[PDB]
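Enquirer: As input, take final-v3.tsv (TSV, C-alpha atoms and all ligand atoms):
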```
chain	number	residue	atom	x	y	z
A	3	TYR	CA	2.51	2.03	-3.44
A	4	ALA	CA	2.37	2.88	-7.15
A	5	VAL	CA	-0.37	5.49	-6.75
A	6	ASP	CA	-2.02	7.21	-9.73
A	7	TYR	CA	-1.08	10.84	-10.40
A	8	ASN	CA	-4.39	12.41	-9.44
A	9	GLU	CA	-4.81	11.06	-5.88
A	10	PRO	CA	-4.89	13.99	-3.44
A	11	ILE	CA	-2.61	13.90	-0.42
A	12	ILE	CA	-2.54	16.14	2.60
A	13	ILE	CA	0.97	17.39	3.23
A	14	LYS	CA	3.29	19.67	5.12
A	15	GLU	CA	5.90	21.21	2.81
A	16	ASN	CA	8.89	23.07	4.32
A	17	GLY	CA	6.70	23.53	7.39
A	18	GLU	CA	3.29	24.30	5.90
A	19	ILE	CA	0.11	22.43	5.09
A	20	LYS	CA	-1.52	21.96	1.68
A	21	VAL	CA	-3.64	19.49	-0.29
A	22	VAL	CA	-2.24	18.36	-3.63
A	23	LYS	CA	-2.21	15.71	-6.36
A	24	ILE	CA	0.46	13.19	-5.34
A	25	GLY	CA	1.87	13.06	-8.89
A	26	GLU	CA	2.12	16.85	-9.11
A	27	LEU	CA	4.13	17.08	-5.87
A	28	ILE	CA	6.46	14.22	-6.76
A	29	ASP	CA	7.09	15.48	-10.30
A	30	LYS	CA	8.03	18.89	-8.88
A	31	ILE	CA	10.34	17.30	-6.29
A	32	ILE	CA	12.15	15.09	-8.77
A	33	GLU	CA	12.49	17.76	-11.45
A	34	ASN	CA	14.09	20.03	-8.80
A	35	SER	CA	16.33	17.42	-7.20
A	36	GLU	CA	20.00	16.64	-7.61
A	37	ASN	CA	19.48	13.49	-5.55
A	38	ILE	CA	17.87	11.32	-8.18
A	39	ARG	CA	18.93	7.70	-8.42
A	40	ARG	CA	17.56	4.85	-10.51
A	41	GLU	CA	16.44	1.27	-9.99
A	42	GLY	CA	15.59	0.26	-13.53
A	43	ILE	CA	12.32	1.97	-14.42
A	44	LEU	CA	12.32	3.53	-10.96
A	45	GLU	CA	13.26	7.20	-10.52
A	46	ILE	CA	13.94	7.94	-6.84
A	47	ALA	CA	14.55	11.28	-5.16
A	48	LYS	CA	15.29	11.78	-1.51
A	49	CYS	CA	13.49	14.82	-0.09
A	50	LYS	CA	13.57	17.24	2.85
A	51	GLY	CA	10.86	19.01	4.83
A	52	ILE	CA	7.91	17.04	3.53
A	53	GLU	CA	5.35	15.30	5.71
A	54	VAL	CA	2.23	13.34	4.83
A	55	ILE	CA	-0.78	12.16	6.85
A	56	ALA	CA	-0.16	8.60	7.91
A	57	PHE	CA	-1.15	6.09	10.57
A	58	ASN	CA	1.92	5.75	12.78
A	59	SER	CA	3.39	3.01	15.02
A	60	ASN	CA	1.65	4.55	18.04
A	61	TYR	CA	-1.71	3.95	16.33
A	62	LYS	CA	-2.38	7.60	15.44
A	63	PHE	CA	-3.18	9.61	12.30
A	64	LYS	CA	-0.47	12.26	12.22
A	65	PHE	CA	1.91	14.12	9.93
A	66	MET	CA	4.93	11.85	9.33
A	67	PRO	CA	8.22	12.59	7.51
A	68	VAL	CA	8.60	11.41	3.92
A	69	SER	CA	12.18	10.26	3.34
A	70	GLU	CA	12.09	9.83	-0.44
A	71	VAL	CA	9.67	9.90	-3.37
A	72	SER	CA	9.66	7.93	-6.59
A	73	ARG	CA	7.80	7.28	-9.83
A	74	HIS	CA	7.86	4.68	-12.60
A	75	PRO	CA	6.07	4.25	-15.95
A	76	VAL	CA	2.97	2.07	-15.95
A	77	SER	CA	0.82	0.80	-18.80
A	78	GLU	CA	-2.48	-0.01	-17.11
A	79	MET	CA	-4.41	0.50	-13.92
A	80	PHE	CA	-7.60	-1.08	-12.65
A	81	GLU	CA	-10.55	1.10	-11.81
A	82	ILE	CA	-12.75	-0.61	-9.22
A	83	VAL	CA	-16.27	0.79	-9.00
A	84	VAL	CA	-18.54	-0.22	-6.11
A	85	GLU	CA	-22.10	0.57	-4.94
A	86	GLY	CA	-22.75	4.28	-4.47
A	87	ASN	CA	-20.34	4.96	-7.33
A	88	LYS	CA	-17.29	4.90	-5.08
A	89	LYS	CA	-14.19	4.13	-7.12
A	90	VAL	CA	-10.42	3.80	-6.96
A	91	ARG	CA	-7.63	3.45	-9.53
A	92	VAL	CA	-4.77	1.12	-8.62
A	93	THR	CA	-2.05	-0.97	-10.20
A	94	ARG	CA	-2.29	-4.72	-10.54
A	95	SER	CA	-0.06	-5.54	-7.60
A	96	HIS	CA	-2.52	-4.24	-5.00
A	97	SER	CA	-4.82	-6.34	-2.88
A	98	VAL	CA	-8.08	-5.50	-1.12
A	99	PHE	CA	-10.15	-7.09	1.63
A	100	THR	CA	-12.79	-9.24	-0.04
A	101	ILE	CA	-15.32	-11.77	1.18
A	102	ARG	CA	-14.19	-15.08	-0.25
A	103	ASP	CA	-15.42	-18.43	1.03
A	104	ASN	CA	-17.22	-16.99	4.09
A	105	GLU	CA	-14.16	-15.01	5.25
A	106	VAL	CA	-12.59	-11.58	4.77
A	107	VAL	CA	-9.29	-12.04	2.91
A	108	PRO	CA	-6.95	-9.85	0.88
A	109	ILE	CA	-7.47	-10.38	-2.88
A	110	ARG	CA	-5.28	-9.00	-5.70
A	111	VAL	CA	-7.20	-6.44	-7.77
A	112	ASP	CA	-6.73	-8.40	-11.00
A	113	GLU	CA	-8.42	-11.44	-9.42
A	114	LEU	CA	-11.49	-9.47	-8.36
A	115	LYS	CA	-14.81	-10.08	-10.11
A	116	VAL	CA	-18.00	-8.04	-10.54
A	117	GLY	CA	-20.33	-8.95	-7.68
A	118	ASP	CA	-17.44	-9.44	-5.26
A	119	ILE	CA	-18.02	-7.95	-1.82
A	120	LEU	CA	-15.33	-5.52	-0.71
A	121	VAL	CA	-14.82	-4.41	2.86
A	122	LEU	CA	-14.23	-0.68	2.99
A	123	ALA	CA	-13.35	1.40	6.01
A	124	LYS	CA	-16.04	3.88	6.97
A	125	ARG	CA	-13.97	6.96	6.23
A	126	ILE	CA	-13.55	9.67	3.64
A	127	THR	CA	-9.92	8.96	2.69
A	128	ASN	CA	-8.24	5.90	1.21
A	129	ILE	CA	-5.24	4.26	2.84
A	130	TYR	CA	-2.27	2.83	0.97
A	131	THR	CA	-0.40	0.40	3.18
A	132	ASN	CA	2.50	-2.02	3.32
A	133	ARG	CA	1.27	-3.65	6.53
A	134	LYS	CA	-2.06	-4.86	7.95
A	135	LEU	CA	-3.86	-2.11	9.86
A	136	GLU	CA	-7.57	-2.80	9.40
A	137	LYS	CA	-9.11	-3.78	12.79
A	138	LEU	CA	-6.12	-1.93	14.29
A	139	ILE	CA	-7.45	1.42	13.25
A	140	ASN	CA	-10.56	2.40	15.26
A	141	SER	CA	-12.93	2.30	12.30
A	142	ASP	CA	-16.33	0.99	11.29
A	143	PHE	CA	-16.42	-1.11	8.11
A	144	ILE	CA	-18.93	-1.26	5.29
A	145	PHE	CA	-19.61	-3.95	2.69
A	146	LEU	CA	-20.02	-2.94	-0.92
A	147	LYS	CA	-20.43	-4.95	-4.12
A	148	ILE	CA	-18.15	-4.30	-7.07
A	149	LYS	CA	-20.15	-2.86	-10.00
A	150	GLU	CA	-17.45	-2.37	-12.63
A	151	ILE	CA	-13.84	-3.34	-13.14
A	152	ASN	CA	-12.33	-1.20	-15.90
A	153	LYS	CA	-8.83	-1.12	-17.28
A	154	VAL	CA	-7.74	2.47	-17.74
A	155	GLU	CA	-4.66	4.55	-18.51
A	156	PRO	CA	-2.74	6.27	-15.72
A	157	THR	CA	-3.39	10.02	-15.72
A	158	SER	CA	0.31	10.75	-16.29
A	159	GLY	CA	1.66	7.46	-17.62
A	160	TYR	CA	3.41	7.08	-14.28
A	161	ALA	CA	2.54	5.67	-10.84
A	162	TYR	CA	3.92	7.21	-7.67
A	163	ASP	CA	5.49	6.26	-4.32
A	164	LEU	CA	6.17	7.90	-0.98
A	165	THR	CA	8.50	6.34	1.55
A	166	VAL	CA	7.20	6.91	5.05
A	167	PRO	CA	9.44	5.41	7.77
A	168	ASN	CA	7.89	4.10	11.01
A	169	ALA	CA	4.44	3.96	9.40
A	170	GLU	CA	4.78	2.34	5.97
A	171	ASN	CA	1.35	3.62	4.93
A	172	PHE	CA	-0.14	6.96	3.95
A	173	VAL	CA	-3.46	8.63	3.35
A	174	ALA	CA	-4.28	9.49	-0.26
A	175	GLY	CA	-7.45	9.72	-2.30
A	176	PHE	CA	-11.09	9.37	-1.35
A	177	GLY	CA	-13.45	6.48	-0.75
A	178	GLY	CA	-12.45	4.44	2.27
A	179	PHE	CA	-10.50	1.81	0.37
A	180	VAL	CA	-7.54	0.18	2.06
A	181	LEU	CA	-5.02	-0.81	-0.57
A	182	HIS	CA	-2.36	-3.35	0.39
A	183	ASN	CA	0.87	-3.79	-1.57
A	184	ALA	CA	1.01	-7.35	-2.90
B	1	LIG	N	9.49	12.63	-17.93
B	2	LIG	N	7.90	9.02	9.12
B	3	LIG	N	2.82	-4.94	-10.57
B	4	LIG	N	-16.78	-16.63	-2.51
B	5	LIG	N	-18.51	-16.13	0.68
B	6	LIG	N	-8.99	-15.58	-6.64
```
Show the structure stored in the file as structure tokens.

Expert:
Amino acid sequence: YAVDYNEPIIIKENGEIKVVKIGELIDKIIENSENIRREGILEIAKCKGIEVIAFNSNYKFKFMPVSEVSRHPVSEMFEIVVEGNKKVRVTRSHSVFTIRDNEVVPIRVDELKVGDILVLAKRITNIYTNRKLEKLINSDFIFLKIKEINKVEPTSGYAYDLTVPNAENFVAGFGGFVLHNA
């Protein structure tokens, strides 16, 4: 999911609710864990008693268990800015619904161009997903032109991951973007 540090997530920790920067939570978890393993640049900690808002297999937005968290160093992220000054910061390997040749299709963020028309969900929060759930969530959609595409530095120098079983998505950040792993 390689999410930037600053993206707020809504969580339950050891049984209670709070709203926090995803990077802040995950840093605290890892730095307190004795269950860290590595996959190259990837630092992975398994965790207990943490739940995040996600869209589950029964088609509902609910608190769902996080099994593990992880982080890895990243050099660059793309900031996409659309009409109304909505914006999102994501790594290169993400794709977003774009109008291309008369259809809505997922396009990698590094292949996007100013003037491209993105399809955003009509909601306050972004969704980071590993599977297709647009049209499967009960949402209205809005069409917004890209204004800027900037290359920026990650807030921490790291990007972050949650593992959410039986959902493989989670809610994080604001705007109404749906970001697909790619
Ligand atoms: N570190
Ligand atoms: N889960
Ligand atoms: N990537
Ligand atoms: N196009
Ligand atoms: N088009
Ligand atoms: N493209």

Enquirer: Output the neighbourhood of ligand LIG 1 (chain B) as number ranges by chain, that is, all protein and nucleic acid residues with some atom at most 10 Å from the ligand, counting only C-alpha atoms and all ligand atoms.

Expert: A: 29, 32-33, 45, 73-75, 158-160

Enquirer: Kindly provide, as a VMD selection string, all nucleotide and amino acid residues lying within 8 Å of ligand LIG 3 (chain B), counting all atoms listed in the file.

Expert: chain A and resid 93 to 96

Enquirer: Please write out the residues within 10 Å of ligand LIG 4 (chain B) as a count of residues only, counting only C-alpha atoms and all ligand atoms.

Expert: 10

Enquirer: Kindly compile the residues surrounding ligand LIG 6 (chain B) within 9 Å, counting all atoms listed in the file, and format them as a PyMOL selection string.

Expert: chain A and resi 102+109-110+112-115

Enquirer: I'd like the interatomic distance between CA of residue 182 in chain A and CA of residue 97 in chain A, to a tenth of an Å.

Expert: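 Interatomic distance, CA of residue 182 in chain A to CA of residue 97 in chain A: 5.1 Å.
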
Enquirer: What's the separation between CA of residue 164 in chain A and CA of residue 71 in chain A, in Å to one decimal place?

Expert: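 Spanning CA of residue 164 in chain A to CA of residue 71 in chain A is a straight-line distance of 4.7 Å.
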
Enquirer: Rank A:44, A:139, A:52, A:66 by their smallest atom-to-atom distance to ligand LIG 2 (chain B), using only C-alpha atoms and all ligand atoms, and report the top residue only.

Expert: A:66

Enquirer: Determine the nearest neighbour of residue 108 in chain A from the options A:120, A:154, A:22, A:125, counting all atoms listed in the file.

Expert: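 Under the stated criterion, the closest residue is A:120.
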
Enquirer: With all atoms listed in the file counted, collect every polymer residue having an atom within 6 Å of ligand LIG 2 (chain B); state the result as a list in words.

Expert: residues 66, 67, 68, 166, 167 and 168 of chain A

Enquirer: Point out the residue among A:7, A:28, A:80, A:107 with the least atom-to-atom distance to ligand LIG 5 (chain B), counting all atoms listed in the file.

Expert: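 Closest residue, counting all atoms listed in the file: A:107.
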
Enquirer: What's the separation between CA of residue 69 in chain A and CA of residue 50 in chain A, in Å to one decimal place?

Expert: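 One can read the CA of residue 69 in chain A to CA of residue 50 in chain A distance as 7.1 Å.
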
Enquirer: Around the point (-9.1, 1.0, -5.1) (coordinates from the file), which residues reach within 7 Å if we count all atoms listed in the file? Answer as a ChimeraX atom specification.

Expert: /A:81-82,89-92,179,181

Enquirer: Give one line per residue of range 44-148 of chain A that approaches range 12-16 of chain A to at most 6 Å, naming the two atoms of the closest pair and their distance in Å to one decimal, counting only C-alpha atoms; sort by chain then ascending residue number and deliver it as JSON lines.

Expert:
```
{"residue": "A:51", "atom": "CA", "partner": "A:16", "partner_atom": "CA", "distance": 4.5}
{"residue": "A:52", "atom": "CA", "partner": "A:15", "partner_atom": "CA", "distance": 4.7}
{"residue": "A:53", "atom": "CA", "partner": "A:14", "partner_atom": "CA", "distance": 4.9}
{"residue": "A:54", "atom": "CA", "partner": "A:13", "partner_atom": "CA", "distance": 4.5}
```

Enquirer: Include C-alpha atoms and write out the residues we just selected as a PDB file, in the frame of the given file.

Expert:
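Heads up, here's the output in result-v4.pdb:
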```
ATOM      1  CA  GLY A  51      10.860  19.010   4.830  1.00  0.00           C
ATOM      2  CA  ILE A  52       7.910  17.040   3.530  1.00  0.00           C
ATOM      3  CA  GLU A  53       5.350  15.300   5.710  1.00  0.00           C
ATOM      4  CA  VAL A  54       2.230  13.340   4.830  1.00  0.00           C
TER       5      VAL A  54
END
```

Enquirer: Contacts of residue 9 in chain A at 9 Å or less, counting only C-alpha atoms, minus same-chain residues fewer than 4 places along, as a PDB file with C-alpha atoms, keeping the file's coordinate frame?

Expert:
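Contents of out_21.pdb, as written:
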```
ATOM      1  CA  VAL A   5      -0.370   5.490  -6.750  1.00  0.00           C
ATOM      2  CA  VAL A  22      -2.240  18.360  -3.630  1.00  0.00           C
ATOM      3  CA  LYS A  23      -2.210  15.710  -6.360  1.00  0.00           C
ATOM      4  CA  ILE A  24       0.460  13.190  -5.340  1.00  0.00           C
ATOM      5  CA  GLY A  25       1.870  13.060  -8.890  1.00  0.00           C
ATOM      6  CA  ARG A  91      -7.630   3.450  -9.530  1.00  0.00           C
ATOM      7  CA  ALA A 174      -4.280   9.490  -0.260  1.00  0.00           C
ATOM      8  CA  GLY A 175      -7.450   9.720  -2.300  1.00  0.00           C
ATOM      9  CA  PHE A 176     -11.090   9.370  -1.350  1.00  0.00           C
TER      10      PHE A 176
END
```

Enquirer: Just checking: using all atoms listed in the file, which residue out of A:130, A:39, A:122, A:19 ends up closest to residue 85 in chain A?

Expert: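 Between A:130, A:39, A:122, A:19, the residue approaching residue 85 in chain A most closely is A:122.
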
Enquirer: Extending 4 Å beyond the listed atoms of range 91-100 of chain A on each side, what axis-aligned box results? I want centre and edge lengths in Å to one decimal, as AutoDock Vina command-line options.

Expert:
```
--center_x -6.4 --center_y -2.9 --center_z -4.5 --size_x 20.7 --size_y 20.7 --size_z 20.2
```

Enquirer: Would you please take range 59-95 of chain A of the structure in the block above and write N, CA, C and O atoms to a file as a PDB file, in the first residue's frame?

Expert:
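Heads up, here's the output in part-v4.pdb:
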```pdb
ATOM      1  N   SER A  59     -15.420  -8.128   3.216  1.00  0.00           N
ATOM      2  CA  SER A  59     -15.960  -9.084   2.244  1.00  0.00           C
ATOM      3  C   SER A  59     -17.492  -9.136   2.211  1.00  0.00           C
ATOM      4  O   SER A  59     -18.078  -9.622   1.246  1.00  0.00           O
ATOM      5  N   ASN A  60     -18.137  -8.646   3.265  1.00  0.00           N
ATOM      6  CA  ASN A  60     -19.593  -8.582   3.304  1.00  0.00           C
ATOM      7  C   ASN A  60     -20.100  -7.222   2.841  1.00  0.00           C
ATOM      8  O   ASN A  60     -21.238  -6.844   3.128  1.00  0.00           O
ATOM      9  N   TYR A  61     -19.231  -6.492   2.142  1.00  0.00           N
ATOM     10  CA  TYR A  61     -19.563  -5.191   1.556  1.00  0.00           C
ATOM     11  C   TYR A  61     -19.863  -4.081   2.566  1.00  0.00           C
ATOM     12  O   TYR A  61     -20.674  -3.194   2.277  1.00  0.00           O
ATOM     13  N   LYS A  62     -19.214  -4.108   3.728  1.00  0.00           N
ATOM     14  CA  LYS A  62     -19.472  -3.083   4.739  1.00  0.00           C
ATOM     15  C   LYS A  62     -18.219  -2.385   5.273  1.00  0.00           C
ATOM     16  O   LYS A  62     -17.161  -3.002   5.425  1.00  0.00           O
ATOM     17  N   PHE A  63     -18.349  -1.088   5.547  1.00  0.00           N
ATOM     18  CA  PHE A  63     -17.290  -0.325   6.201  1.00  0.00           C
ATOM     19  C   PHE A  63     -17.331  -0.527   7.709  1.00  0.00           C
ATOM     20  O   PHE A  63     -18.248  -0.066   8.395  1.00  0.00           O
ATOM     21  N   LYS A  64     -16.312  -1.219   8.206  1.00  0.00           N
ATOM     22  CA  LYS A  64     -16.252  -1.706   9.579  1.00  0.00           C
ATOM     23  C   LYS A  64     -14.811  -1.732  10.090  1.00  0.00           C
ATOM     24  O   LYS A  64     -13.876  -1.771   9.299  1.00  0.00           O
ATOM     25  N   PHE A  65     -14.635  -1.743  11.405  1.00  0.00           N
ATOM     26  CA  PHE A  65     -13.325  -2.024  11.977  1.00  0.00           C
ATOM     27  C   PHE A  65     -12.914  -3.461  11.670  1.00  0.00           C
ATOM     28  O   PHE A  65     -13.681  -4.393  11.906  1.00  0.00           O
ATOM     29  N   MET A  66     -11.713  -3.625  11.121  1.00  0.00           N
ATOM     30  CA  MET A  66     -11.170  -4.941  10.774  1.00  0.00           C
ATOM     31  C   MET A  66      -9.761  -5.086  11.332  1.00  0.00           C
ATOM     32  O   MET A  66      -8.958  -4.148  11.245  1.00  0.00           O
ATOM     33  N   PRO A  67      -9.454  -6.268  11.890  1.00  0.00           N
ATOM     34  CA  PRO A  67      -8.126  -6.585  12.432  1.00  0.00           C
ATOM     35  C   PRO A  67      -6.985  -6.330  11.463  1.00  0.00           C
ATOM     36  O   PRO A  67      -7.051  -6.733  10.304  1.00  0.00           O
ATOM     37  N   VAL A  68      -5.941  -5.675  11.956  1.00  0.00           N
ATOM     38  CA  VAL A  68      -4.671  -5.577  11.243  1.00  0.00           C
ATOM     39  C   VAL A  68      -3.775  -6.701  11.758  1.00  0.00           C
ATOM     40  O   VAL A  68      -3.628  -6.875  12.969  1.00  0.00           O
ATOM     41  N   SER A  69      -3.196  -7.481  10.854  1.00  0.00           N
ATOM     42  CA  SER A  69      -2.386  -8.621  11.277  1.00  0.00           C
ATOM     43  C   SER A  69      -0.932  -8.218  11.466  1.00  0.00           C
ATOM     44  O   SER A  69      -0.279  -8.652  12.409  1.00  0.00           O
ATOM     45  N   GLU A  70      -0.428  -7.390  10.556  1.00  0.00           N
ATOM     46  CA  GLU A  70       0.945  -6.907  10.636  1.00  0.00           C
ATOM     47  C   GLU A  70       1.062  -5.516  10.018  1.00  0.00           C
ATOM     48  O   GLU A  70       0.189  -5.078   9.262  1.00  0.00           O
ATOM     49  N   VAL A  71       2.133  -4.808  10.361  1.00  0.00           N
ATOM     50  CA  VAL A  71       2.412  -3.514   9.753  1.00  0.00           C
ATOM     51  C   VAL A  71       3.821  -3.544   9.197  1.00  0.00           C
ATOM     52  O   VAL A  71       4.634  -4.377   9.598  1.00  0.00           O
ATOM     53  N   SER A  72       4.114  -2.638   8.277  1.00  0.00           N
ATOM     54  CA  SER A  72       5.445  -2.602   7.710  1.00  0.00           C
ATOM     55  C   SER A  72       5.758  -1.220   7.166  1.00  0.00           C
ATOM     56  O   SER A  72       4.867  -0.382   7.007  1.00  0.00           O
ATOM     57  N   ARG A  73       7.038  -0.990   6.903  1.00  0.00           N
ATOM     58  CA  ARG A  73       7.518   0.249   6.321  1.00  0.00           C
ATOM     59  C   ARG A  73       8.729  -0.076   5.461  1.00  0.00           C
ATOM     60  O   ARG A  73       9.381  -1.104   5.669  1.00  0.00           O
ATOM     61  N   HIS A  74       9.023   0.790   4.494  1.00  0.00           N
ATOM     62  CA  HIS A  74      10.260   0.699   3.723  1.00  0.00           C
ATOM     63  C   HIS A  74      10.658   2.090   3.261  1.00  0.00           C
ATOM     64  O   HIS A  74       9.799   2.972   3.143  1.00  0.00           O
ATOM     65  N   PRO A  75      11.971   2.314   3.050  1.00  0.00           N
ATOM     66  CA  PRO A  75      12.435   3.613   2.558  1.00  0.00           C
ATOM     67  C   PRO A  75      11.968   3.871   1.139  1.00  0.00           C
ATOM     68  O   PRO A  75      11.935   2.950   0.323  1.00  0.00           O
ATOM     69  N   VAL A  76      11.629   5.118   0.845  1.00  0.00           N
ATOM     70  CA  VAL A  76      11.238   5.499  -0.503  1.00  0.00           C
ATOM     71  C   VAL A  76      11.813   6.859  -0.855  1.00  0.00           C
ATOM     72  O   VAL A  76      11.860   7.758  -0.018  1.00  0.00           O
ATOM     73  N   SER A  77      12.239   7.003  -2.103  1.00  0.00           N
ATOM     74  CA  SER A  77      12.894   8.223  -2.565  1.00  0.00           C
ATOM     75  C   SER A  77      11.910   9.314  -2.955  1.00  0.00           C
ATOM     76  O   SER A  77      12.059  10.476  -2.571  1.00  0.00           O
ATOM     77  N   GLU A  78      10.901   8.936  -3.729  1.00  0.00           N
ATOM     78  CA  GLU A  78       9.974   9.909  -4.292  1.00  0.00           C
ATOM     79  C   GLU A  78       8.525   9.471  -4.169  1.00  0.00           C
ATOM     80  O   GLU A  78       8.220   8.280  -4.124  1.00  0.00           O
ATOM     81  N   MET A  79       7.631  10.446  -4.119  1.00  0.00           N
ATOM     82  CA  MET A  79       6.216  10.167  -4.257  1.00  0.00           C
ATOM     83  C   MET A  79       5.588  11.205  -5.152  1.00  0.00           C
ATOM     84  O   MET A  79       6.067  12.338  -5.231  1.00  0.00           O
ATOM     85  N   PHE A  80       4.518  10.810  -5.832  1.00  0.00           N
ATOM     86  CA  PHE A  80       3.798  11.716  -6.710  1.00  0.00           C
ATOM     87  C   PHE A  80       2.700  12.396  -5.935  1.00  0.00           C
ATOM     88  O   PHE A  80       1.948  11.744  -5.215  1.00  0.00           O
ATOM     89  N   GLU A  81       2.619  13.712  -6.061  1.00  0.00           N
ATOM     90  CA  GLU A  81       1.463  14.433  -5.553  1.00  0.00           C
ATOM     91  C   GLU A  81       0.551  14.787  -6.716  1.00  0.00           C
ATOM     92  O   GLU A  81       0.926  15.557  -7.593  1.00  0.00           O
ATOM     93  N   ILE A  82      -0.636  14.188  -6.737  1.00  0.00           N
ATOM     94  CA  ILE A  82      -1.644  14.509  -7.741  1.00  0.00           C
ATOM     95  C   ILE A  82      -2.569  15.588  -7.214  1.00  0.00           C
ATOM     96  O   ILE A  82      -3.145  15.432  -6.144  1.00  0.00           O
ATOM     97  N   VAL A  83      -2.711  16.682  -7.954  1.00  0.00           N
ATOM     98  CA  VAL A  83      -3.612  17.749  -7.539  1.00  0.00           C
ATOM     99  C   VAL A  83      -4.703  17.937  -8.583  1.00  0.00           C
ATOM    100  O   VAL A  83      -4.404  18.138  -9.760  1.00  0.00           O
ATOM    101  N   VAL A  84      -5.963  17.854  -8.155  1.00  0.00           N
ATOM    102  CA  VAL A  84      -7.098  17.962  -9.073  1.00  0.00           C
ATOM    103  C   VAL A  84      -7.929  19.200  -8.768  1.00  0.00           C
ATOM    104  O   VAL A  84      -7.660  19.891  -7.785  1.00  0.00           O
ATOM    105  N   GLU A  85      -8.923  19.482  -9.618  1.00  0.00           N
ATOM    106  CA  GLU A  85      -9.854  20.599  -9.409  1.00  0.00           C
ATOM    107  C   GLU A  85     -10.378  20.666  -7.978  1.00  0.00           C
ATOM    108  O   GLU A  85     -10.677  19.634  -7.369  1.00  0.00           O
ATOM    109  N   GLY A  86     -10.520  21.880  -7.455  1.00  0.00           N
ATOM    110  CA  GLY A  86     -10.958  22.071  -6.082  1.00  0.00           C
ATOM    111  C   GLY A  86      -9.817  21.898  -5.092  1.00  0.00           C
ATOM    112  O   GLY A  86     -10.029  21.833  -3.880  1.00  0.00           O
ATOM    113  N   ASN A  87      -8.600  21.826  -5.624  1.00  0.00           N
ATOM    114  CA  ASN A  87      -7.395  21.630  -4.825  1.00  0.00           C
ATOM    115  C   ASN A  87      -7.468  20.415  -3.906  1.00  0.00           C
ATOM    116  O   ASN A  87      -6.983  20.459  -2.777  1.00  0.00           O
ATOM    117  N   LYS A  88      -8.096  19.343  -4.391  1.00  0.00           N
ATOM    118  CA  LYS A  88      -7.970  18.030  -3.768  1.00  0.00           C
ATOM    119  C   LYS A  88      -6.637  17.434  -4.199  1.00  0.00           C
ATOM    120  O   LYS A  88      -6.209  17.612  -5.340  1.00  0.00           O
ATOM    121  N   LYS A  89      -5.974  16.731  -3.292  1.00  0.00           N
ATOM    122  CA  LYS A  89      -4.665  16.189  -3.614  1.00  0.00           C
ATOM    123  C   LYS A  89      -4.334  14.940  -2.811  1.00  0.00           C
ATOM    124  O   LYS A  89      -4.869  14.718  -1.728  1.00  0.00           O
ATOM    125  N   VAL A  90      -3.447  14.120  -3.361  1.00  0.00           N
ATOM    126  CA  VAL A  90      -3.036  12.896  -2.695  1.00  0.00           C
ATOM    127  C   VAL A  90      -1.568  12.633  -3.005  1.00  0.00           C
ATOM    128  O   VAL A  90      -1.094  12.968  -4.088  1.00  0.00           O
ATOM    129  N   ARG A  91      -0.842  12.062  -2.049  1.00  0.00           N
ATOM    130  CA  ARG A  91       0.554  11.683  -2.268  1.00  0.00           C
ATOM    131  C   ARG A  91       0.709  10.173  -2.274  1.00  0.00           C
ATOM    132  O   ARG A  91       0.430   9.515  -1.270  1.00  0.00           O
ATOM    133  N   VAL A  92       1.159   9.616  -3.392  1.00  0.00           N
ATOM    134  CA  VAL A  92       1.311   8.166  -3.493  1.00  0.00           C
ATOM    135  C   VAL A  92       2.596   7.771  -4.205  1.00  0.00           C
ATOM    136  O   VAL A  92       3.183   8.558  -4.943  1.00  0.00           O
ATOM    137  N   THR A  93       3.022   6.537  -3.983  1.00  0.00           N
ATOM    138  CA  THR A  93       4.179   6.008  -4.676  1.00  0.00           C
ATOM    139  C   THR A  93       3.824   5.643  -6.104  1.00  0.00           C
ATOM    140  O   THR A  93       2.650   5.580  -6.483  1.00  0.00           O
ATOM    141  N   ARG A  94       4.863   5.396  -6.883  1.00  0.00           N
ATOM    142  CA  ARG A  94       4.764   5.210  -8.321  1.00  0.00           C
ATOM    143  C   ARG A  94       3.912   4.011  -8.705  1.00  0.00           C
ATOM    144  O   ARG A  94       3.242   4.020  -9.736  1.00  0.00           O
ATOM    145  N   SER A  95       3.929   2.985  -7.866  1.00  0.00           N
ATOM    146  CA  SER A  95       3.287   1.727  -8.210  1.00  0.00           C
ATOM    147  C   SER A  95       1.784   1.726  -7.951  1.00  0.00           C
ATOM    148  O   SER A  95       1.187   0.662  -7.846  1.00  0.00           O
TER     149      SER A  95
END
```
